Every structure is written in C-alpha cells, then in structure tokens.
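Here's final_31.csv, which has CSV, N, CA, C and O atoms:
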```csv
chain,number,residue,atom,x,y,z
A,1,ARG,N,96.2,61.3,110.5
A,1,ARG,CA,95.3,60.3,111.1
A,1,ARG,C,95.9,59.7,112.4
A,1,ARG,O,97.1,59.4,112.3
A,2,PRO,N,95.2,59.6,113.5
A,2,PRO,CA,95.8,59.0,114.7
A,2,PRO,C,96.4,57.6,114.4
A,2,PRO,O,95.8,56.8,113.6
A,3,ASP,N,97.5,57.2,115.0
A,3,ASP,CA,98.3,56.1,114.7
A,3,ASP,C,97.4,54.8,114.9
A,3,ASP,O,97.3,53.7,114.0
A,4,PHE,N,96.6,54.8,115.8
A,4,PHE,CA,95.8,53.6,116.1
A,4,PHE,C,94.8,53.2,115.0
A,4,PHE,O,94.3,52.2,115.0
A,5,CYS,N,94.5,54.2,114.1
A,5,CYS,CA,93.4,54.0,113.2
A,5,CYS,C,93.6,53.0,112.2
A,5,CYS,O,92.7,52.5,111.5
A,6,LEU,N,94.9,52.7,112.0
A,6,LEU,CA,95.3,51.7,110.9
A,6,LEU,C,95.5,50.3,111.5
A,6,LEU,O,95.9,49.4,110.7
A,7,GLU,N,95.3,50.2,112.8
A,7,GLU,CA,95.6,48.8,113.5
A,7,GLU,C,94.4,47.9,113.3
A,7,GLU,O,93.2,48.4,113.2
A,8,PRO,N,94.6,46.6,113.3
A,8,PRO,CA,93.4,45.7,113.2
A,8,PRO,C,92.6,45.8,114.5
A,8,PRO,O,93.0,46.3,115.5
A,9,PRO,N,91.3,45.4,114.3
A,9,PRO,CA,90.5,45.4,115.6
A,9,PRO,C,91.0,44.4,116.6
A,9,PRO,O,91.8,43.4,116.2
A,10,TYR,N,90.8,44.7,117.9
A,10,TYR,CA,91.3,43.8,119.0
A,10,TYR,C,90.2,43.4,119.8
A,10,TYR,O,89.6,44.2,120.6
A,11,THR,N,89.8,42.1,119.8
A,11,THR,CA,88.8,41.6,120.6
A,11,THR,C,89.2,41.6,122.1
A,11,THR,O,88.4,41.9,123.0
A,12,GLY,N,90.4,41.3,122.4
A,12,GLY,CA,91.0,41.2,123.7
A,12,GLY,C,90.7,39.9,124.4
A,12,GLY,O,90.0,39.1,123.8
A,13,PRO,N,91.1,39.8,125.7
A,13,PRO,CA,91.0,38.5,126.4
A,13,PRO,C,89.7,38.3,127.0
A,13,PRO,O,89.5,37.2,127.5
A,14,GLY,N,88.8,39.2,127.0
A,14,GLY,CA,87.5,39.1,127.6
A,14,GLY,C,86.6,38.1,126.9
A,14,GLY,O,86.8,37.8,125.7
A,15,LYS,N,85.7,37.6,127.7
A,15,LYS,CA,84.7,36.5,127.2
A,15,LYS,C,83.4,37.1,126.7
A,15,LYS,O,82.6,36.3,126.2
A,16,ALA,N,83.2,38.4,126.9
A,16,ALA,CA,81.9,39.0,126.4
A,16,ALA,C,82.0,39.0,124.8
A,16,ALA,O,83.0,38.8,124.2
A,17,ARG,N,80.8,39.3,124.3
A,17,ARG,CA,80.7,39.4,122.8
A,17,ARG,C,79.9,40.7,122.5
A,17,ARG,O,78.7,40.6,122.1
A,18,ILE,N,80.5,41.8,122.6
A,18,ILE,CA,79.8,43.1,122.4
A,18,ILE,C,80.2,43.6,121.1
A,18,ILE,O,81.3,43.6,120.6
A,19,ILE,N,79.3,44.2,120.3
A,19,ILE,CA,79.5,44.6,119.0
A,19,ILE,C,80.0,46.0,119.0
A,19,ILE,O,79.3,47.0,119.5
A,20,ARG,N,81.2,46.3,118.6
A,20,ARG,CA,81.9,47.6,118.5
A,20,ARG,C,82.2,47.8,117.0
A,20,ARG,O,82.0,47.0,116.1
A,21,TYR,N,82.8,49.0,116.8
A,21,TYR,CA,83.2,49.5,115.5
A,21,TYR,C,84.7,49.8,115.5
A,21,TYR,O,85.2,50.3,116.5
A,22,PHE,N,85.4,49.4,114.4
A,22,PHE,CA,86.7,49.8,114.1
A,22,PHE,C,86.7,50.6,112.8
A,22,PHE,O,85.9,50.3,111.9
A,23,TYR,N,87.7,51.5,112.7
A,23,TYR,CA,88.0,52.1,111.4
A,23,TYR,C,88.7,51.2,110.5
A,23,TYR,O,89.8,50.7,110.9
A,24,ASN,N,88.2,50.8,109.4
A,24,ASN,CA,88.9,49.9,108.4
A,24,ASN,C,89.6,50.9,107.3
A,24,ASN,O,88.9,51.5,106.5
A,25,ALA,N,90.9,51.3,107.6
A,25,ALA,CA,91.5,52.3,106.8
A,25,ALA,C,91.6,52.0,105.3
A,25,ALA,O,91.5,53.0,104.5
A,26,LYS,N,91.7,50.7,104.9
A,26,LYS,CA,91.7,50.3,103.5
A,26,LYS,C,90.3,50.6,102.9
A,26,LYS,O,90.2,51.0,101.8
A,27,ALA,N,89.2,50.3,103.6
A,27,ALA,CA,87.8,50.6,103.1
A,27,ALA,C,87.5,52.1,103.2
A,27,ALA,O,86.6,52.6,102.6
A,28,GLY,N,88.1,52.8,104.2
A,28,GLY,CA,87.7,54.1,104.5
A,28,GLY,C,86.3,54.3,105.2
A,28,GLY,O,85.7,55.4,105.2
A,29,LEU,N,85.9,53.2,105.8
A,29,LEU,CA,84.6,53.1,106.5
A,29,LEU,C,84.8,52.4,107.8
A,29,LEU,O,85.7,51.6,108.0
A,30,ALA,N,83.9,52.6,108.7
A,30,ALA,CA,83.8,51.8,110.0
A,30,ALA,C,83.2,50.5,109.7
A,30,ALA,O,82.4,50.3,108.8
A,31,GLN,N,83.6,49.4,110.4
A,31,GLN,CA,83.1,48.0,110.3
A,31,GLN,C,82.9,47.6,111.8
A,31,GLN,O,83.6,47.9,112.7
A,32,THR,N,81.9,46.7,111.9
A,32,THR,CA,81.7,46.0,113.2
A,32,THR,C,82.7,44.9,113.5
A,32,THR,O,83.2,44.2,112.6
A,33,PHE,N,82.9,44.6,114.8
A,33,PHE,CA,83.7,43.5,115.2
A,33,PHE,C,83.2,43.1,116.6
A,33,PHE,O,82.5,43.9,117.4
A,34,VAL,N,83.6,41.9,117.0
A,34,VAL,CA,83.2,41.4,118.4
A,34,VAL,C,84.3,41.8,119.3
A,34,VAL,O,85.5,41.5,119.2
A,35,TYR,N,83.9,42.5,120.4
A,35,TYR,CA,84.8,42.9,121.5
A,35,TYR,C,84.5,42.2,122.8
A,35,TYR,O,83.3,42.0,123.2
A,36,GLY,N,85.6,41.7,123.4
A,36,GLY,CA,85.4,40.9,124.6
A,36,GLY,C,85.1,41.5,125.9
A,36,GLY,O,85.0,40.9,126.9
A,37,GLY,N,85.0,42.8,125.9
A,37,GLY,CA,84.5,43.6,127.1
A,37,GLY,C,85.5,44.2,127.9
A,37,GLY,O,85.1,44.8,129.0
A,38,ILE,N,86.8,44.0,127.7
A,38,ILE,CA,87.8,44.5,128.6
A,38,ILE,C,89.1,44.7,127.8
A,38,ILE,O,89.4,44.0,126.8
A,39,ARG,N,89.9,45.7,128.2
A,39,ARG,CA,91.3,45.9,127.7
A,39,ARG,C,91.3,46.4,126.2
A,39,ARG,O,92.1,45.9,125.3
A,40,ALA,N,90.4,47.3,125.9
A,40,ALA,CA,90.2,47.8,124.5
A,40,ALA,C,91.5,48.4,124.0
A,40,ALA,O,92.3,49.1,124.8
A,41,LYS,N,91.8,48.3,122.7
A,41,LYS,CA,92.7,49.1,122.0
A,41,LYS,C,91.9,50.4,121.6
A,41,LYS,O,90.7,50.5,121.7
A,42,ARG,N,92.6,51.3,121.0
A,42,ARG,CA,92.0,52.6,120.7
A,42,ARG,C,91.1,52.6,119.4
A,42,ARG,O,90.3,53.4,119.2
A,43,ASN,N,91.4,51.7,118.4
A,43,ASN,CA,90.5,51.5,117.2
A,43,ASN,C,89.3,50.7,117.6
A,43,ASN,O,89.1,49.6,117.2
A,44,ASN,N,88.5,51.3,118.5
A,44,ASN,CA,87.3,50.6,119.1
A,44,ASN,C,86.4,51.7,119.5
A,44,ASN,O,86.7,52.5,120.4
A,45,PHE,N,85.2,51.7,118.8
A,45,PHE,CA,84.2,52.8,118.9
A,45,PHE,C,82.9,52.2,119.2
A,45,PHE,O,82.6,51.1,118.8
A,46,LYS,N,82.0,53.0,119.8
A,46,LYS,CA,80.7,52.6,120.0
A,46,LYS,C,79.8,52.8,118.9
A,46,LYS,O,78.7,52.2,118.8
A,47,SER,N,80.2,53.5,117.9
A,47,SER,CA,79.4,53.9,116.7
A,47,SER,C,80.2,54.1,115.5
A,47,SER,O,81.4,54.4,115.6
A,48,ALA,N,79.7,53.9,114.3
A,48,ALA,CA,80.4,54.2,113.1
A,48,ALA,C,80.8,55.6,113.0
A,48,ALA,O,81.9,56.0,112.6
A,49,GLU,N,79.9,56.6,113.4
A,49,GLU,CA,80.1,58.0,113.4
A,49,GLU,C,81.3,58.4,114.2
A,49,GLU,O,82.1,59.3,113.8
A,50,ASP,N,81.5,57.8,115.4
A,50,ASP,CA,82.6,58.1,116.2
A,50,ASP,C,83.9,57.6,115.5
A,50,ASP,O,84.9,58.3,115.5
A,51,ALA,N,83.9,56.4,115.0
A,51,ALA,CA,85.0,55.9,114.2
A,51,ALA,C,85.4,56.9,113.1
A,51,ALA,O,86.7,57.2,112.9
A,52,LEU,N,84.5,57.4,112.4
A,52,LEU,CA,84.8,58.3,111.2
A,52,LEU,C,85.2,59.6,111.8
A,52,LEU,O,86.2,60.2,111.2
A,53,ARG,N,84.6,60.2,112.8
A,53,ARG,CA,85.0,61.5,113.2
A,53,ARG,C,86.5,61.4,113.7
A,53,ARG,O,87.3,62.4,113.5
A,54,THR,N,86.9,60.3,114.4
A,54,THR,CA,88.2,60.2,115.0
A,54,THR,C,89.2,59.8,113.9
A,54,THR,O,90.4,60.3,114.0
A,55,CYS,N,88.9,58.9,113.0
A,55,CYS,CA,89.9,58.3,112.2
A,55,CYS,C,89.7,58.5,110.7
A,55,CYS,O,90.6,58.0,110.0
A,56,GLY,N,88.7,59.2,110.3
A,56,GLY,CA,88.4,59.4,108.9
A,56,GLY,C,89.3,60.2,108.1
A,56,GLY,O,89.3,60.1,106.9
A,57,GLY,N,90.1,61.1,108.8
A,57,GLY,CA,91.1,61.9,108.2
A,57,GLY,C,90.6,63.3,108.0
A,57,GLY,O,89.4,63.5,107.9
A,58,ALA,N,91.6,64.2,107.9
A,58,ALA,CA,91.2,65.7,107.7
A,58,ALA,C,90.7,65.9,106.3
A,58,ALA,O,90.8,65.2,105.3
```
Show how you would write the structure in this file as structure tokens.
Amino acid sequence: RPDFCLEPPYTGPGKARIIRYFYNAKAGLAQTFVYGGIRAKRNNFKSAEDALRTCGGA
C-alpha cells in the first residue's frame, strides 16, 4: 500500500472548504473530509473510487 494511505487527512492552511476523500485504512473505505484548497497531502482524492484504486491494497 503506498505509504501515504495510512496518514490522517490534511485540511491544510487554506480557507476553502472543499469536500475530498481520504482512505481510512482502519475502515478499509474512503471517507470525506474538508480540504482547504491548497497544499494537499497525497491521501486526498476527488472520489471514493480513486481513493480505493490507489490505497485499497493489492
């Protein structure tokens, strides 16, 4: 699994409130979180399906 997949979600320093997805490795599912619009970490997807294809595991 890529190393970032186990990291908590990162809103970042931006003031926007955009709904993104992170891989929740303990649930084994994607979850939404609020993203501030800049300086993303890599556990940050535009869709559940992208989160699972990247981080769901072989």
Check segment 2-37 of chain A with DSSP on the backbone and list each residue it calls strand (DSSP E), as a list in words.
residues 18, 19, 20, 21, 22, 23, 24, 29, 30, 31, 32, 33, 34 and 35 of chain A
Pick the closest to residue 48 of chain A from A:35, A:9, A:17, A:30: which is it, counting only C-alpha atoms?
A:30
May I ask which of the residues A:37, A:2, A:8, A:14 is the closest one to residue 57 of chain A, counting only N, CA, C and O atoms?
A:2
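Residues of chain A assigned to alpha helix (DSSP H) by DSSP on this structure's backbone: residues 48, 49, 50, 51, 52, 53, 54 and 55 of chain A.
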Mind dumping the selected residues with N, CA, C and O atoms as a CSV table (one decimal), keeping the file's coordinate frame?
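Result file follows (out-v2.csv):
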```csv
chain,number,residue,atom,x,y,z
A,48,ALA,N,79.7,53.9,114.3
A,48,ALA,CA,80.4,54.2,113.1
A,48,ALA,C,80.8,55.6,113.0
A,48,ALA,O,81.9,56.0,112.6
A,49,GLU,N,79.9,56.6,113.4
A,49,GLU,CA,80.1,58.0,113.4
A,49,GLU,C,81.3,58.4,114.2
A,49,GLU,O,82.1,59.3,113.8
A,50,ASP,N,81.5,57.8,115.4
A,50,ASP,CA,82.6,58.1,116.2
A,50,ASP,C,83.9,57.6,115.5
A,50,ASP,O,84.9,58.3,115.5
A,51,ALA,N,83.9,56.4,115.0
A,51,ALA,CA,85.0,55.9,114.2
A,51,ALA,C,85.4,56.9,113.1
A,51,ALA,O,86.7,57.2,112.9
A,52,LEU,N,84.5,57.4,112.4
A,52,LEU,CA,84.8,58.3,111.2
A,52,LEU,C,85.2,59.6,111.8
A,52,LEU,O,86.2,60.2,111.2
A,53,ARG,N,84.6,60.2,112.8
A,53,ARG,CA,85.0,61.5,113.2
A,53,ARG,C,86.5,61.4,113.7
A,53,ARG,O,87.3,62.4,113.5
A,54,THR,N,86.9,60.3,114.4
A,54,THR,CA,88.2,60.2,115.0
A,54,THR,C,89.2,59.8,113.9
A,54,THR,O,90.4,60.3,114.0
A,55,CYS,N,88.9,58.9,113.0
A,55,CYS,CA,89.9,58.3,112.2
A,55,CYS,C,89.7,58.5,110.7
A,55,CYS,O,90.6,58.0,110.0
```
Quick one: residues within 4.5 Å of segment 20-25 of chain A, only N, CA, C and O atoms, excluding same-chain residues fewer than 4 positions away - as a PyMOL selection string?
chain A and resi 5+29-33+43-45
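Each of A:16, A:3, A:41, A:11 was checked against residue 54 of chain A using only N, CA, C and O atoms; the smallest atom-to-atom distance is that of A:3.
From atom CA of residue 46 of chain A back to atom CA of residue 7 of chain A, the distance works out to 16.7 Å.
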